[PDB]
Structures are given as C-alpha cells and as structure tokens.
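# Fold and geometry: a report
The residues making up each chain are set out below.
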Amino acid sequence: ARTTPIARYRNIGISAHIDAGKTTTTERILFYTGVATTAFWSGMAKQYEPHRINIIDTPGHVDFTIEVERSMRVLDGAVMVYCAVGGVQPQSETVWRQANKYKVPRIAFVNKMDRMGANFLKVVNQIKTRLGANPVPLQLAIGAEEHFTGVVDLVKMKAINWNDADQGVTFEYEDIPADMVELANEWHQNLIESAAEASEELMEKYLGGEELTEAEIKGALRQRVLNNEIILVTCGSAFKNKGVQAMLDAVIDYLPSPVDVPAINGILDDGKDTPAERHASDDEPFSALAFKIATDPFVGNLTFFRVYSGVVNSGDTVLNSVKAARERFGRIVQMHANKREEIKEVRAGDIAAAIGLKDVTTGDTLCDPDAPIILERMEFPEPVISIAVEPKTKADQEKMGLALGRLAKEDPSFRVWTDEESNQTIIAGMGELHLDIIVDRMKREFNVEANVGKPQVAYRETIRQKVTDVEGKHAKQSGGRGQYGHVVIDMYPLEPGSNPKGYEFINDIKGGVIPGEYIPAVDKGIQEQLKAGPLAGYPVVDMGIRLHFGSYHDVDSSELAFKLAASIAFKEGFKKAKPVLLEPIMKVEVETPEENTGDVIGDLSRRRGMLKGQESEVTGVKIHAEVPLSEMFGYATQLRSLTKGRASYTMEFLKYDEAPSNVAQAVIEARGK
Amino acid sequence: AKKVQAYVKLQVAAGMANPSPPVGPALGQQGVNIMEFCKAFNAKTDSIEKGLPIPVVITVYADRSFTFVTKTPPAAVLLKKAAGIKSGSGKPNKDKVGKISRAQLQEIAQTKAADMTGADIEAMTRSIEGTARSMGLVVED
Amino acid sequence: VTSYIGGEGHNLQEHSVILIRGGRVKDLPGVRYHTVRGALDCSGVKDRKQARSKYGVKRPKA
Ligand SMILES: CC(=O)O[C@H]1C[C@@]2(C)[C@@H](C[C@@H](O)[C@H]3[C@@]4(C)CC[C@@H](O)[C@@H](C)[C@@H]4CC[C@@]32C)/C1=C(\CCC=C(C)C)C(=O)O
Ligand SMILES: Nc1nc2c(ncn2[C@@H]2O[C@H](COP(=O)(O)OP(=O)(O)O)[C@@H](O)[C@H]2O)c(=O)[nH]1
C-alpha cells in the first residue's frame, strides 16, 4: 500500500553561528506546519501533498560542534542560517567545512532582515568570497531593517507579502515593487543561467532564447543542489513573520529525500573488512545508526537512532555489531506532528528514540542479527581543555563517578580519568563553556557538590651536585640480637631523560666488604626512598648512585638492615646534594588568523610560553611555544576571546625541565607548610 | 617591483625550502603563498653557491603574482666564503679574527656591485669594510 | 566490609559497581568476601584458557 513515499521525507538540520535565530525559525516552522522533531508540511499555498520533515536543531556554539558533526553525518540536507547584519562568521566557516566533509546538500537562509545594517546581497557575496561557495539567490529582500516588508520570488517573478495580522499564516502574490523590477530581472537571469548549467539540453534551450518552464527551472536547481555545486539562498525575518514559509517550500523543492542520498557505506562483520552498502528501502535488512544518547529522568537512557534500511518494531532484539551485543529494542515513539505516536514500525528514513538500551553508545550500528554490518565510525576529536574536579563529601565522591560516567556516555568528546599521581579526578572537554555545562548538569541533574580546580602539576625532585663518601650505618645491636648494616655511597645527577628508568645503580664494591647477597637489598632500600624525596616528598628522578664502600657483621648483618643503612645514607646525601623541585613543560601549537596572531602571543608571553617559532599557514600562522602545564589552563576560552572564535590549539607533554628558582622555591615552602 | 607594503627582503636559502618557518623569516601581517616562490628560484638557484645567503624580496603585485628581486650573496657571507671564517660577530677589537687584503674584495666587488647599489664597483668596497668588522674582521693590505 | 580481589590484575577505578561473593582468604585477617571477576565491572580476565567459569572468561575464539 503506497502510504507516504520515503521520497516525501526531508531529514534536515538547522545550523548557524551562535546567535543567528534558528530554533525561533524552527518554532515558526512548527507553528505554520501545525505542530529532534517531526513535522508535516504541505506548502505555504497547500500546493504539495503532505511531506514529512524530520528536523534536527544543531547547537550554535563551537564547544558543542561535536553534536553538529554527529547530526550532519546522520542527516540528508541542511538549512544554513546566516545573520543579515553579521554575515558569514568564523563559526559559520567551521560548520560549513563539517557539512562539506559529509557532502550534505544544503540551502541558505539570510535571517535578521528586520535589524539595523541588514544587507542580503552582502551576505550572498560573503558566502561566495569566504566559504568558496556558489550562492544562487532564489529570493530578493523587499526593503531592509524597519522597511523590510516581504521578498521577491525570482522563479515566479512575484512579490510575496505576508499578512502581519495572522503572524504570516496567509500571504498574497503581488507585482514586484517598481524600484526593484530591474534588480529582480538581473537576478532572475542569473538564476535561469544557473539552472541552464544543470544539463546540455537546458543550456541549448537557454542559448536558443527558449524560456525555461518553472518545472524545468526547479528540477535543474534541485539537481545541482543535490550535487553540492550551488547553494540556493533564501531570505526573510520572523516576529513580523517572513521567509520561513517560503524557505520551507524551498526545503521541499530543493533538499534531498533519503532516496536521493547515496547508499550508506558499511563493513561486513566477516573479519576481512568487506565493503557493503545499505539502500534506503523498507525491503532491505535492518540497519540503523545510534547518533545521540540523552539521559531522561523518567524513562532512563534515550538512544536516538536513524534507520537507513529495513524495518524494526518496538521490542526487537537486534545486534549492536560495533559492540557485538544483542540489544532488544525498548519503547520507541515518534513526534507525529504534536503528539508522540509510539511507533511499532520504524521504517527506512525515520528518526526515533529507543528507551532502555544498555550497551549502546553514540556512533554504534544497530542491525539485523542475520545480516551484520558496521556502518562507518564517528571519529571524535581529542579534548582540548582539562580541569580537576574534587568532591566536597564522601557521598559526593561515589555520586561524582556515577554522574561523570553518564555525561561521558552521552558526550564522547567528554573524558574522565583519575590522575595516578595527584589522585584527582580530571575532566576534559571540547572547550570550557562545554565543561561549564557538564559541571552545571553534574551539580543540578545529579546535584553532586564539587570544587573545580586545576590539574595538579606533576612535581618531581632531583639533585644539582655530586656528593661522595655518604655514610649510612644502621647499627642497632639491641632487643635480642643486633641488626648491623653499613654502606657508603656517591650520589650524582644524571642528564634529564638520559635514562628511561630515571635512576642508575653502580655496584663498585671491592674486597667483599659487603656480601653480594645484601647488594640487592641496598639498591631496593634506595629505590623505596626514590618514591618519596626528602625535600617535599615527591618522586626523585634523574639520579645515579654508586655503592663503593661498606661493612658487615657475620651474625648481626641483615638484608633489611643494609636497606635501612641505604635509606640513611640516601637521606643525608640528598640533603647535601642541593636538592631541587622539577617541572613539566608542554609543547603548544596554536592555529590563528594572521590578523589575530599578535594577541595569541601577548597572552602566551605572560603565561611564560617560550615561543620556539611559527609556521604561517593558510588560515594564518601556526605558532609554537614551550608553556608550563600550570599556565596552560583556561586557555581554550582565553584564546576564543582574543581570536573572536577562529583559533584552535593543541598541547603535548614535552620534557621534565627545571622549574624557575622562584616557582620551585615557592612550592617547596608551601609543601613544607 | 611595487610599493613598500609588500616588501620583505628575505630568503637565506632555497634548499631549506619553505620560507615560512624560522629558516625563512617574516610571512606575518602580509599574506602570500610559500611554495609559489622557489620554483622561479629553481631556475635561478644553480648559479649561486651555497653558504652565501642572497637577499631577495617577496614583492607581490596587485594581481597576486610574486617573484623575487635577484641580488647577490653580499659583503657579510663572502667574508665567510673568500676568507674562510664565519660570522662570530661582536669582537673587532678584542682578539684577532682575520685580516683581508685590498684586492681580495675588489675581485668580488664586481659581483657585489650587482648586490650593492650606490654607484660603482670601487665605491662599494668600504661597505664590505662595514659588516666585516661587525662580524669581527680587520682589513689592511 | 572489606572484600577481596581475585585474578592477578584488575580493571579498577575506585568507583565501580562490583559484585561480592563469599569466601575467606585465610591470609588477610579482616577480609572475608571474594569478588566475582566475571560480573558487572570485572570482565574476562587476561590470558586464560582453563577453568574459564571462574574468573568469568568466555571460551576462546576457536
Ligand atoms: C541551541 C541548540 O540547539 O543547542 C543547545 C542544545 C544543547 C547543546 C544546549 C547545551 C547543553 O545544555 C546540551 C547538553 C550537552 C546538556 C547535557 C545533556 O542533556 C545533553 C544530552 C545535552 C545536548 C543538548 C544541549 C541541551 C545548547 C546550547 C545552549 C545555547 C547557548 C550557547 C552557549 C550559545 C548550546 O548551543 O550550547
Ligand atoms: N526580530 C527578530 N528576532 C528574531 C528572529 N529570529 C530569532 N529572533 C530572536 O533572536 C533570539 C535567538 O533565537 P534562537 O533561535 O534561540 O537562535 P539560535 O541560537 O541561532 O537558535 C530569540 O530570542 C528570538 O526572539 C527574527 O527573524 N526577527
């Protein structure tokens, strides 16, 4: 029974730079349609059969662009929202590159045409010049700012005027304003020329002076959008309510259905990585991608999944091929217009959520157990900022682990580990505003009382002076039998990192002054003292010890007596050897626009960052600097402030250098206190 | 050539490749390609001997094309070439680095009068006398 | 109570829902309960093909 063709499905993302107006445009959509959300659209003139629009509203911030990446990958088409005043933003370029990576056929909506400085054609030219795109206006704005009244449809060559009294639910077709007729004819010719380029037949008609029909123009522009050759540009502004309705008609006319998109690539679970495809059909084996996990207070884990092939029912044991885990599907609903119609028939093209999946993560493939496939995996970027989180109480201690676990499950770009040296819980994320939201959820949804600090710098200990002839004599001949042990050691610094063990032991015992059986106990006594340095109780590194002189007693000498002597000798020698506190240094790489370059280093200089050099790149300059871990905290948001949000840094542990005398001494004193 | 707004005289070498990292300086608050440079210098490299950094300029025209201003390995690095002792700068007056004859520069001043442009071959000799003592040299026949 | 960790190397991170079983080790006074290395936070332990039921390892590949 032919019900609603999958060719009527529009799986679309609304994507924009932070602060551009995209969910208000979506709220306008829901109002006009009748209502991840499903909506139904029949056209602003009711000229279309009912189309199913599944909308994913993607975050504007770059701290949550990981969600945008997941969405773009799982979606068919996109609506790119631009501010008429601000135009193409640095963050728009990031989202634009992500949509290019996934080849998402997309259109453009120039919103905020009611604000001061609104300029449609300026934004069209910025899409061309900054994004390297081919923008083709479908519409022209009638007026600007407070004088924005409507739009010209360049396909129909008519003005669209929306009724302000019904919030734009009704519209009239008018003749083009007399001051715009010349400009409308110019852009109409540019639109027809852009349509004619879609095929040799349409190019011949156009060059022959034959007028293209509205159906040929629409079909030709659709083909090129699907090929990602052009971007169709629409305009309009809500509040007075304009554009959205005609942008929704452009979604029907020009954006892909699930059958217009290439088959999804995957790998067979045969151990040979055999390539396979899944076509957008109900008659194919079931395959779906889990793309979002949300924690719900009432139903537990919601796993959002997009079906690409086949059909599944609410309550169907499928196979999580990625995690090799048979997962019985839970309760599955669907946002049928306003209601949440529980669907027991998730067909190809549909987006739904399952309740109570246990071993499913974002990026997992859910498939038919009799036809295993792994759909292509999501690569998750490495976290760029880390902070220490400490529980206030012991109740908060266990609760913290639980809360952070849930947050790491729903958001892969969020990492949590315990630092083995500090025993602090370290949390890491895709920016500090990202970490701020994570902390807020932890101390609200889960209400876990925690302090936010900085990852403790891994302080080390070493000497800066050879000391010779250091006597250690454990002579405890008391309490029954005596315990005699006597060693003489030299202590000397090693070059930093010259020994992968951080420690050298030289046995230079001559004359059997110490029996060879006790020499391992002396070394073990030193190695235990290396774990807790005599200066501040940090591990001692980059040190050599030569045992060359010693003495035993035939009855009273013990293995651990010589280990006690070794510790005495070590503690006395270490204090004489001018002990110092060490530091880690981090190799930092910053990518920035050439005009923002200066600011980056100004701050890095205050952060004790020894700028090694620079590699002027295409974006601008790739500056390299040696910056202490202590000064590499809170840099994500600071960089975002200096560079207006167009810079990305990386950092790696470089080497164990010497902390500046001031820094080292200050910490030594604080630790002693 | 063009205005001094697309002016950085640079290029210590050609085989070290990229003139953007430390090796090649500048490339800051200016904006231009980097591999689009040494290819015209690749038809130009094999006349210059290495160890002799030649000053050329990234002169960018108004239509995105840029080539260089061929000069000549100059005063400074030829006294690290024709004498045989490198930079060592700072000590003209402390200890003896090297004395250079009168005619040892005049034979390469004809090469250096295509590098230095005040007037003449003889007239540029007393500025080969310049940076030599800043490198630390002394000069007498 | 104080529990005991079986196997020879765990997968622990100090906040981990682990399961408890009876049994006194006779060697640590005050440790009276074993853990299960096959249940809920301790997977099939490393490098073992015999008595797989204890320490929870599944049967090997072939
Ligand atoms: C608008 C949109 O679609 O994004 C929204 C949606 C958003 C990403 C929200 C920030 C944050 O709560 C998000 C988390 C991680 C919060 C914790 C979990 O419940 C996740 C399952 C959830 C996903 C979506 C959500 C609810 C957004 C914002 C807020 C807008 C303000 C800024 C900083 C510009 C965002 O963009 O950062
Ligand atoms: N006047 C006017 N205001 C708008 C328009 N679109 C959005 N806004 C306002 O701008 C704010 C941002 O909208 P939102 O959709 O949250 O932006 P997003 O962050 O891009 O999703 C909202 O509070 C809206 O009231 C518009 O077309 N006209």
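Look up: the structure comes first, before these words.
The paragraphs below set out a description of the structure included in this document. (Residues numbered from 1 in each chain as written, not as in the entry; some residues may be left out. Chains lettered and ligands numbered in written order. Part of a larger assembly, values for the part shown. Heavy atoms only, no water.)

Residue and element names in this part refer to chain A. Taken together, the seven strands give an open sheet; going across it, the order is β17-β16-β20-β14-β15-β19-β18, and neighbouring strands pair in antiparallel fashion. Pairing within the sheet leaves two strands with one partner each, and these edge strands are β17 (325–328) and β18 (332–333). One ladder, built from three bridges, connects strand β14 (residues 287–296) with strand β20 (residues 365–367); its direction is antiparallel. Bridging across to β20, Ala288 finds its partner in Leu366. (Pairing = 2+ DSSP bridges. Helix = DSSP H or I, 4+ residues; strand = E, 2+ residues; numbered from the N terminus.)

Here we come to the sheet that holds strand β2 (residues 37–41) of chain A. Strands belonging to one sheet form pairs held by backbone hydrogen bonds; the direction of such a pair is parallel or antiparallel. All names here are of chain A. With respect to topology, seven strands assemble into an open sheet ordered β2-β3-β1-β4-β5-β11-β6, the strand pairing being mixed. Of all strands in the sheet, those bounded by a partner on one side alone are β2 and β6 (135–137). Sheet twist, expressed as the mean angle between neighbouring strand axes with direction ignored, is 30°. Bridge count between strand β5 (residues 106–111) and strand β11 (residues 231–235): three bridges; the pairing is parallel. For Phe109, the partnering residue across the bridge sits in β11 and is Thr234. Against the sheet, helix α3 (residues 90–101) engages β1 (9–16), β4 (77–83), β5 and β11, with an angle of about 165° to β4. (Axes fitted to C-alpha atoms, helices over the stretch in contact; angles between N-to-C directions. Contact = heavy atoms within 4.5 Å.)

Further remarks concern the arrangement of the chains. Here two pairs of chains are in contact, and chains A and B lead that list by number of contacts. The two units chain B and chain C never meet; even their closest C-alpha atoms stay 44 Å apart.

We now examine the interface of chain B and chain A. In this assembly, ten residues from chain B lie in contact with seven residues from chain A. Summing both sides of the interface, chain B and chain A together bury roughly 610 Å²; the carbon and sulfur share of this comes to 42%. The three residues of chain B that bury the most area against chain A are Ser20(B), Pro22(B) and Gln29(B), which together make up 54% of that side's buried surface. On the surface where chain B and chain A come into contact, there are zero salt bridges. Counting across the interface, chain B meets chain A through five residue pairs in polar contact. Broken down by class, the residue content of the side of chain B that touches chain A amounts to five nonpolar, five polar and no charged. (Buried area = accessible area lost by both parts, 1.4 Å probe. Salt bridge = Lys/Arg side-chain N within 4 Å of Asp/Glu carboxyl O. Polar contact = N/O pair within 3.5 Å; in protein donor to acceptor, adjacent residues only side chain to side chain. Nonpolar A, V, L, I, M, F, W, Y, C, P; charged D, E, K, R; others polar.)

Here the focus is the site of ligand 2. Residues and elements named next belong to chain A. In the neighbourhood of ligand 2, 13 residues make up the surrounding shell, with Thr23, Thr24, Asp114, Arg115 and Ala238 lying closest. At 2.9 Å from an oxygen atom of ligand 2 is found a main-chain nitrogen or oxygen belonging to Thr24. Protein chains shield 74% of the accessible area of ligand 2, which is 580 Å² for the free molecule. Classifying every residue of the shell around ligand 2 by side-chain character gives three nonpolar, five polar and five charged. (Near = heavy atom within 4 Å. Areas by Shrake-Rupley, 256 points an atom, 1.4 Å probe, with all protein chains shown as cover.)

Read these as geometric descriptors, not functional statements.
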